[PDB]
Every structure is written in structure tokens, then in C-alpha cells.
Amino acid sequence: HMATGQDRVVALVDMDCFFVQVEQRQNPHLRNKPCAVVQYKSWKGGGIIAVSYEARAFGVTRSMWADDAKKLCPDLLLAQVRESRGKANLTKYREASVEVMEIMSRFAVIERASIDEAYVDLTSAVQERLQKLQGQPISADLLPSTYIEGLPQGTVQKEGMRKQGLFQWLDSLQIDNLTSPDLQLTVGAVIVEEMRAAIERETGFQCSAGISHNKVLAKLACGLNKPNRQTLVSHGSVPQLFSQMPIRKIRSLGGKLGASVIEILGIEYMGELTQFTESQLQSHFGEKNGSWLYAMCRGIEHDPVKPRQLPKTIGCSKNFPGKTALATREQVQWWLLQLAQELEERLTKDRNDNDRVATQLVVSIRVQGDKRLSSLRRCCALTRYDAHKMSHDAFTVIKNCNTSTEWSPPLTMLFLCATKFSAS
DNA sequence: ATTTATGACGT
DNA sequence: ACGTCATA
């Protein structure tokens, strides 16, 4: 009577260093070279936000200043994010992301998780594929970039090991040693190979993927073998996988709650959670978190793949660090106008493309000396896709935040978000 | 001065 | 409504 969280087949697809691949498709000179994408070149060469795998090998990471990355990797090539109205403009990447998600939707139900990753619900697609091929062995040739986590168990080249693990898996499927859920995952992986082939053929982009029974395991699986590969994590693989898996690697446990789990229970690995009762976990972390942890450490999670190919919000913001912090009224107004103009453009395009209208405008700011990402959030009605009205409306709602033709304390961040979409 | 985005939850 | 958390 003990449920095993084996009801669904779920994938998570992550475009490998996505902004970089976009620039590399556009500029063949960047292909197969150590390359990074930077925004804002003046200050320390700019901030790196995406890094090719060739560059990662030199120790280049995101959130590194380009000048610093050049010390680690002198031959590093850089592509700059487009800058419009004095701020980074991510339109090219948003549009490329749409290219990929449109291809994914042909194969299965997708949840847009971010600009560069999507969850995929393959349960239905797997059931249908299982009827078309019935009692036919699944050839290793259908899974040319698939790793089976945990295998092989029992040749000094990675590709050799991959194939040996796959053979062991498939030989035990064909034997009848594995379970029907295992067959379901395997077929799911075949479909993902097919989806990933179609993405590469049609866009030129490569991606890694994880296939498992829920989103957390799929996300975890995806990161196990990168770039351009996919990993199947079976329910059976979970005890060994979790036995040495730091708690912070599991999605949603990378922050404060994860650190609390570690500190309060005196443990380090995900698997160690199984020794606590559900009541115990709830007593420390709350009813929801405790229940979630109890199921998750056993490889079980029920968060559905939401059928949502489009972002629920459309926002833009700009930080104004250090000396650049906004300190006059005219300056604060000029930047609201810049933000509002980008937002109007993206909103109008959204309306035309997606048949919806935003109804709420959220204004957020951060004041100098406040550690919290947001110092304050206020909303007002968004009635007109008009940059001047939007910027003026936003000024109105945050104007009282100023102590006193001058602005103090200085603003270190402005954020306009369009939310609350309705069909149009 | 590691951005500029996102989605979710608690109250 | 508003603040906080988590992710890349």
C-alpha cells in the first residue's frame, strides 16, 4: 500500500549555457571556443552571465567580472548583451527561448521554468509510444546520448561507461528484471532524445536533460551529465544517489530552509532524512515542508508540470550600485521612463503575440544601505500600454518614500513588473 | 557593484 | 496587499 511516486514521467530540459549558444549561432567566430556573455563593459569589463563549457574549464563562472575572467582565460571571447535606453536588453534571448519552447510543445506538455529551462510532462506521450511499439526491444541506438544513473555496476573512456550502463539497463528491461515504471522512463528518454534532436536540427541549440518520475528528480538528473547529454534517474536509483547527495543540491533546499534542515537535524545528505518520522519533520519545518521532505527523501514529489509556455510576468529593472545610486528627482523620473518604455514595447508585442493584457503594474525599489533585494513594493492599475503614464504612475506610488527636487536616501534599484494577465 | 530577470509562499 | 524565499 506504500506509494512509490512512480505515476508520471517528467523531464527537465536545460539549454546548455544558453545566452552563449545564441551568440555563437549568430557569430560563427565564437563557436567551439572559450566564450562568455557579458553585460555592461565599462565597470571591470562587465559582468559575465553565461559561460561556454570550454571557458568553464578555465574556471570562468557567471557573476564574475570580465576583467577577472580574462585573468583565468586570456583567450576568452566575449559577446555583449544588447543595451537599449541605458540598460541591458534581453530580447534576443527571449526570442531564441521562444524558438525552442515551440519545438518542445510538439512533443509533450511544457512548463516554462526560466528563459533556459522547461519541465516536460511525458506521461501521455510515453503511453502512446508504448502502444505503437509493443513487445519490440528498445535498441541502445534509440538512446545515443542517454546515461542511466547508477550504472554500470559490477572502460577508462566515458563513452564506454555510458554504453555499458545503458546495456545493463536495457538487458534487464528485455529480461523482465526491471519494473513497468522503468520501461516508462526508458520510453520517456527515447522521446527526449527525439525532442533534443529536433531542437538542435531546427535551431542549432544543444541541451541537457534529466528524465525521472517528478520535477525534483528530473532537475537533479539533468545536472548529472552535461553538456549535450541526458540522464535517466529511476526510482530504484534513489537510495544510492541520495546517500551521498548534499541536501543543498535538491531543488528548493539550496537556501535557508536547506541550511536549517542541516543545522537542526545534524545531517548532510538527502538520504539521511529517511530516518525521521513525518511528524518529526513537520515539527521542525512546518506542516508543508515536513510532509514534502518526508516524501522527497524517498524520491517522491507531486508538484505538477504546469501547462504554461509563457511567462506569468513581464518586468524590467536596473540596479544603480555605489556612486550610481539615484539621488535626484529628475533622475529617478528619467529611469522610470526608460524602464516604462522597454516595458511598453514588450507588453505591446506580448498582446499581439499571445492574446492577453496585463492589468497590474508593480513598482519595486531598493534604497541605499538595505540588504534585502526589495526595500518596498507598491502596485497600481495598469490601464494603458503607455510609457509616460506608466512611468508617472510608478513615480506617484513611490514618491512618498523620499525623505526630501532632491532624492534621499538614494535609490539602488528600480523595478517595473507587469502582472495579472487577462485574455484579450 | 557579482544583473536581470523569474515563480512561489506566508501572513 | 506586501514581504520573503529560491533559482540562473
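Every chain is numbered from 1, with letters handed out A, B, ... down the list of sequences. All heavy atoms count here, side chains included; hydrogens, waters and symmetry mates do not.
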Legend entry - Contact state string [nucleotides 4-10 of chain B, B base, S sugar-phosphate only, - no protein heavy atom under 4.0 Å]: SSSSSS-
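Judged by the sign of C1'-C2'-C3'-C4', the sugar at B:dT4 is south, the angle being negative. For B:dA8, the sign convention on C1'-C2'-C3'-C4' gives a south pucker, since the angle is negative.
Using a 4.0 Å cut-off between charged nitrogen and carboxylate oxygen, A:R162 and A:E159 count as a salt-bridge pair. We find that A:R129 and A:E194 are joined by a salt bridge, their nearest charged nitrogen and carboxylate oxygen being less than 4.0 Å apart. Using a 4.0 Å cut-off between charged nitrogen and carboxylate oxygen, A:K70 and A:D67 do not count as a salt-bridge pair. The pair A:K349-A:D353 counts as a salt bridge, with a side-chain nitrogen and a carboxylate oxygen less than 4.0 angstrom apart.
A donor-acceptor contact closer than 3.5 angstrom is absent between the side chains of A:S422 and A:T359. Between A:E200 and A:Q206, the side chains place a donor N or O and an acceptor N or O closer than 3.5 Å (distance only, hydrogens not considered). Looking at A:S145 and A:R196, their side chains do bring a donor and an acceptor atom within 3.5 Å of each other. Side-chain contact check for A:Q127 and A:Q184: at least one donor-acceptor pair (N or O, by modelled atom type) lies under 3.5 Å.
Partner of A:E117 under the salt bridge (charged side-chain N to carboxylate O under 4.0 Å, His left out) criterion, out of A:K215, A:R112, A:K219: A:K219 alone.
Among the heavy atoms of the strands lying under 4.0 Å from A:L257 are primed sugar atoms or P, OP1, OP2 only; no base atom is included. A:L376 comes within contact range of the sugar-phosphate backbone alone, with a heavy-atom separation under 4.0 Å but no base atom that close. Within the nucleic acid shown, A:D14 has no heavy atom closer than 4.0 Å to any nucleic acid atom.
At whole-Å resolution of the value, CH2 in A:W43 and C1' in B:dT3 are 12 Å apart. In this entry the distance linking CG of A:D68 with P of B:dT3 reads 14 Å, nearest Å. The nearest whole Å value for the distance from the NZ atom in A:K41 to the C1' atom in B:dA1 is 15 Å. For the pair A:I247 CD1 and C:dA6 P, the interatomic distance rounds to 14 Å; values are reported in whole Å. When the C1' atom of C:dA8 is taken as reference, atom CZ of A:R56 falls 10 Å away, rounded to whole Å. What separates CG of A:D67 from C1' of B:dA1 is a distance of 13 Å, to the nearest Å. Atom CD1 of A:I398 is separated from atom P of C:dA1 by 18 Å (rounded to the nearest Å). Rounded to whole Å, atom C1' of B:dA1 lies 12 Å from atom NZ of A:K371.
The stretch residues 362-370 of chain A has no heavy atom under 4.0 Å from DNA chain B, so no residue of it qualifies as close.
OP1 or OP2 of C:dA8 has at least one side-chain nitrogen or oxygen of A:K219 nearer than 4.0 Å. Remark: A:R251 is not in phosphate contact with C:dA6, judged by side-chain N or O atoms under 4.0 Å from OP1 or OP2.
Using a 30° and 60° split on the angle between ring planes, A:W65 and A:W43 fall in the perpendicular class, above 60°.
Comparing C:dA1, C:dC5, B:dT3 by their closest approach to the side chain of A:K256 singles out C:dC5. Closest to the side chain of A:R378, from the set B:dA1, C:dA1, C:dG3, is C:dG3.
With DNA chain C read from its 5' end, the first of the two nearest nucleotides for A:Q360 and A:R372 is the one closest to A:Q360.
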